[PDB]
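[1] My sequence and its experimental structure, below.
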There are 2 protein chains.
Amino acid sequence: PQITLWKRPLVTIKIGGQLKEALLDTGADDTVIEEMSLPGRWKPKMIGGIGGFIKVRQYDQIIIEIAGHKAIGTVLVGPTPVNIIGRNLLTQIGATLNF
Amino acid sequence: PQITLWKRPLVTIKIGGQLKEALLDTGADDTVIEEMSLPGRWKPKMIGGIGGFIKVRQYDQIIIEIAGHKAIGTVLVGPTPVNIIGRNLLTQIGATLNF
Ligand SMILES: Cc1cccc(C)c1OCC(=O)N[C@@H](Cc1ccccc1)[C@@H](O)C[C@H](Cc1ccccc1)NC(=O)[C@H](C(C)C)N1CCCNC1=O
Ligand SMILES: [Cl-]
Ligand SMILES: [Cl-]
Ligand SMILES: [Cl-]
Ligand code: NA
């Protein structure tokens, strides 16, 4: 699709069989989702936002659908105020910024 | 241009007679620049996200050139870790997300 930016670029994602709303974010290096259960082992990570850094759980090779596009990759889980699809998965689904 | 997302989508901007590098951020409602002087009136604002909130100065009707494209809008100035071009000015340069 071509998504303009007059409103937030929110899409539906599916992860763990569940539908969630998330933001397509070219300013995010990684994907971070609100607290949920994911399979496997996780690794520690810090990410930085407008107000400072938070600790998150890094899950690798997680199956996730983004606006109907299937992806498999790293998902961070933690106390983010909004679900964010970052560049690691935007790149995988072929997204570019155009002007 | 068409910007892929393997790396951060950083571009050069001109604001307040100064050149800066800034992040094209579809996940940002607002444009936030590191501390600098701008002409005219301003009012305080709090913006919060990952990591919490920061206090900024809101300047309205500020012209910015973004990767050679002129726009005008509100610019927030404060202790952001990164200069961010948000949706309020991305729409004005006709930026879209495409996949
Ligand atoms: C940078 C990065 C590394 C790894 C993983 C992730 C998710 C990363 O991105 C973290 C991050 O906060 N990125 C921001 C920009 C970023 C990159 C690097 C350092 C700091 C910031 C931005 O793009 C998304 C984030 C989303 C958001 C979160 C909570 C509430 C509302 C929105 N947006 C905002 O904070 C904006 C600010 C920028 C005006 N914002 C806050 C006021 C209300 N609305 C709004 O839009
Ligand atoms: Cl990934
Ligand atoms: Cl504006
Ligand atoms: Cl448009
Ligand atoms: Na003004």
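    Good, I have the coordinates. Numbers count the residues shown, from 1 in each chain, chains lettered A, B, ... in the order given. Ligands and ions are numbered 1, 2, ... in the order given.
[2] Neighbours of whichever residue of chain A sits closest to ligand 2, how many?
    Nearest to ligand 2 in chain A, going by CB to the ion, is residue A:73, at a distance of 2.8 Å. Where C-beta positions appear, they are placed from N, C-alpha and C, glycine not excepted. Neighbour count for residue A:73, taken as other CB atoms under 10 Å in any protein chain shown: 17.
[3] Correct me if wrong: it contacts residue A:89.
    Yes. Residue A:73 lies in contact with residue A:89 (CB atoms under 8 Å); the separation is 5.4 Å.
[4] Need the overlap of contacts for the two.
    A:31, A:64 (CB atoms under 8 Å, 6 or more residues apart in numbering or on different chains).
[5] got a list of what residue A:28 touches?
    So residue A:28 contacts A:84, A:85, A:86, A:87, B:27 (CB under 8 Å, 6+ apart).
[6] Tell me, how many residues neighbour the second one?
    Taking other CB under 10 Å as the neighbour definition, residue A:85 ends up with a count of 30.
[7] Quickly note the distance from it to residue A:25.
    Computed with CB to CB, to the nearest Å, the distance linking residue A:85 and residue A:25 is 6 Å.
[8] Show me where chain A has its helices.
    Ranges of helices within chain A are A:87-92, based on DSSP state H.
[9] How about it: which residue is closest to chain B?
    residue A:49 (2.2 Å; CB to the nearest CB).
[10] and that residue, what does it touch?
    Residue A:49 sits in contact with A:80, B:49, B:50, B:51, B:52, where contact means CB under 8 Å, 6+ apart.
[11] Among those, which one lies nearest to ligand 5?
    Nearest to ligand 5 among the contacts of residue A:49, with distances taken as CB to the ion, is residue B:49, at 24.4 Å.
[12] OK, contacts around the closest residue in space to residue A:11 that isn't next to it in sequence?
    Sequence neighbours aside, residue A:67 is the residue nearest to residue A:11 in space, at 4.1 Å (criterion: CB to CB, 6 or more residues apart in numbering or on different chains). Residue A:67 makes contact with A:1, A:11, A:12, A:13, A:93, B:99, according to CB under 8 Å, 6+ apart.
[13] ChimeraX command to pick out the buried ones of those?
    A single ChimeraX command selects the buried members of the contacts of residue A:67 (16 or more other CB atoms under 10 Å in any protein chain shown):
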select /A:11,13,93 /B:99
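[14] nearest to residue B:32, of the contacts of residue A:67?
    residue A:11 (23.9 Å; CB to CB).
[15] surely the closest one meets residue A:19?
    No. Using CB under 8 Å as the test, residue A:11 is too far from residue A:19 to be in contact (10.5 Å).
[16] Of the contacts of residue A:28 - the most surrounded one?
    Among the contacts of residue A:28, the one with the most neighbours (other CB under 10 Å) is residue A:85, at 30 neighbours.
[17] and it, bridged to which residues?
    Beta bridges link residue A:85 to residue A:24, judged by DSSP bridges.
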